[PDB]
Amino acid sequence: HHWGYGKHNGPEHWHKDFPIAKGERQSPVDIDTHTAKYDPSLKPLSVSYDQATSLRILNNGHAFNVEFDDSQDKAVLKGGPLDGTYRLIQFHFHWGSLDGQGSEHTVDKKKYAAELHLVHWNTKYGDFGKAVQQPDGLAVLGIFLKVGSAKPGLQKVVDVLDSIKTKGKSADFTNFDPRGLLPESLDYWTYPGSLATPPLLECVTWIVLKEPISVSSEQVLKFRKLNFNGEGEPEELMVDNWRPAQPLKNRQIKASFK
Ligand SMILES: [Zn+2]
């Protein structure tokens, strides 16, 4: 039937409806820090999130997305390995059933408790739907979460999850500042990849930050209470909604730092 993360519809089954699942620029991947090439021609990232406008939070049945108004150049990413302006459309998370897993990307095979993805679309393509059809259509910022101290700027998100427990539910979610979710340093790794969920289009330029942010146990605990199912259905907790590392194949991971 339709894809998810269970035994019967899990990532190992995805190729059957999305042949691109077995492609050349599949995501995520394991980041080998010894093999990653420091590229000194890489420019510093540019994050301008001061005019960000969140609108809504939604449970789509695979994660929760916080959506932004992308009608104009309000929250954009540029620089780094990018040419042009990329507009933030949404952000979402991937997390585990336990603290030892949940991240999609891995560092020297190390898994984090969760991974945040900030989704941006290349403005030269005019809409998100046209952007995903392009090799350089999207820029996704990947941020690792480790369990430690609470992240203050994540609390507003945590607190609204009770209201979007099941699939299809959504809530009003304005005045959220995405700046609260950034690590102090913007050192990153970059490589060419794809969407980590179906349709798995090979249209992304991943930007993975070296520095993880800490969240508390209690913060991640709230994630784990969400449901994959819609209301009035047998409860299936929303956990382990992460795709395993894929073959790097013919790709090189570049580093912005030594
Ligand atoms: Zn994602």
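Residues 3 to 125, 127 to 261 (the authors' numbering) are what the sequence shown spells out, left to right.
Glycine included, each C-beta is placed from N, C-alpha and C at the ideal position.
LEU144 places its beta carbon 9 Å or farther from that of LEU164. Residue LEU100 holds the alpha-carbon nearest to the alpha-carbon of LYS113 among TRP123, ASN124, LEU100. By the Cβ rule, the stretch 5-17 does not count as touching the stretch 47-60, because fewer than three pairs are nearer than 8 Å. Straight-line measurement puts the Cα of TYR40 at about 6 Å from the Cα of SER259. Look at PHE131 here: in three-state DSSP terms it is helix. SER173 is positioned such that its CB atom lies closer than 9 Å to that of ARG58.
It is roughly 27 Å from the alpha-carbon of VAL160 to the alpha-carbon of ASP130. Partner residues in the beta bridge of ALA174, as assigned by DSSP, are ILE59. Spanning the alpha carbons of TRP245 and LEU148 requires a straight line of approximately 14 Å. Between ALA153 and the set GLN137, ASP139, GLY183, the nearest pair of CA atoms involves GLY183. Between the alpha carbons of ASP190 and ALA65 lies a distance of about 27 Å. No alpha helix (DSSP H) of 4 residues or more sits fully in the stretch 41-107.
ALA142 is positioned such that its CB atom lies no closer than 9 Å to that of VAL223.
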